[PDB]
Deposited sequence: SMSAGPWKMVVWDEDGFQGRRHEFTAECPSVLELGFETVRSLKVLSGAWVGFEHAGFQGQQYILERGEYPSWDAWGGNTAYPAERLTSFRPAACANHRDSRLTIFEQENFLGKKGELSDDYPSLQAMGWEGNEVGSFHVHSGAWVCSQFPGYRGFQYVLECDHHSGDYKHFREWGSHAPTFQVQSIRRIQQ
């Protein structure tokens, strides 16, 4: 129970925390706006952050929890990371998500308050999810079991947690889902 400071991450433009450095305490819509050409390594010092492939928070999403990322494989196993924002709703102990088989909160539902490396192991029918309501916390969904493939992040403060369409988050393949750790 050490006492942490405000959420913070640091980016560098060369691998292994070398080269040009910049620290963030709030979102950055494009590192190019700093004069950086690229982000090649990073550290998350406090909190949880979402990295995005393209400027303006567009493209592939990467969840960035506390720790050290010496090259791009550390966040995307994906070489390009251009914008960043805090996962503002992250609250690991206060996370609750409802998933639905179809869009618009229709079809069979599942209630999640824990992490699921295998939706199918838990009883979910099929490999698709159609809509989501985030009651609290921030969640990350993955295409494949064990938190692999394309990720996407769901926040409690997006349309009051409503994601009625895959347009709001078109492949509907989701096989693992977990809570984000701030």
Sequence order list of spans that the model leaves without C-alpha positions, deposited numbering: 78 to 82, 175 to 178
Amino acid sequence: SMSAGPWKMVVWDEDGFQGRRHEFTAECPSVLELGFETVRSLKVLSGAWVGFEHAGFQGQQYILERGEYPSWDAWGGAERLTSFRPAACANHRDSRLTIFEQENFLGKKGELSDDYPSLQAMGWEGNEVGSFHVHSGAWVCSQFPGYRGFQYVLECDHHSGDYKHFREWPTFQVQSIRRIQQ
From here on, numbers count along this sequence of modelled residues.
Is the mean CA B factor in the deposited entry higher across 8 to 16 or across 155 to 163? 155 to 163
With B-factors read from the PDB entry, the higher C-alpha mean of 170 to 178 and 18 to 26 is in 170 to 178
Could you tell me which one of 46, 61, 41, 127 shows the highest CA temperature factor in the PDB record? 127
Highest Cα B-factor in the deposition, which of 97, 74, 90, 106? 106
By the recorded C-alpha temperature factor, relative to the other modelled residues in its chain, which third is residue 132 in? middle
Chain-wide C-alpha B factor ranking for residue 138, given as lowest, middle or highest third: middle
Chain-relative C-alpha B factor for residue 78 (record values, thirds): the highest
Would you mind checking where the Cα B-factor of residue 123 ranks among the modelled residues of its chain, as the lowest, middle or highest third? highest
Should residue 57 be placed in the lowest, middle or highest third of its chain by the C-alpha B factor in the entry? highest
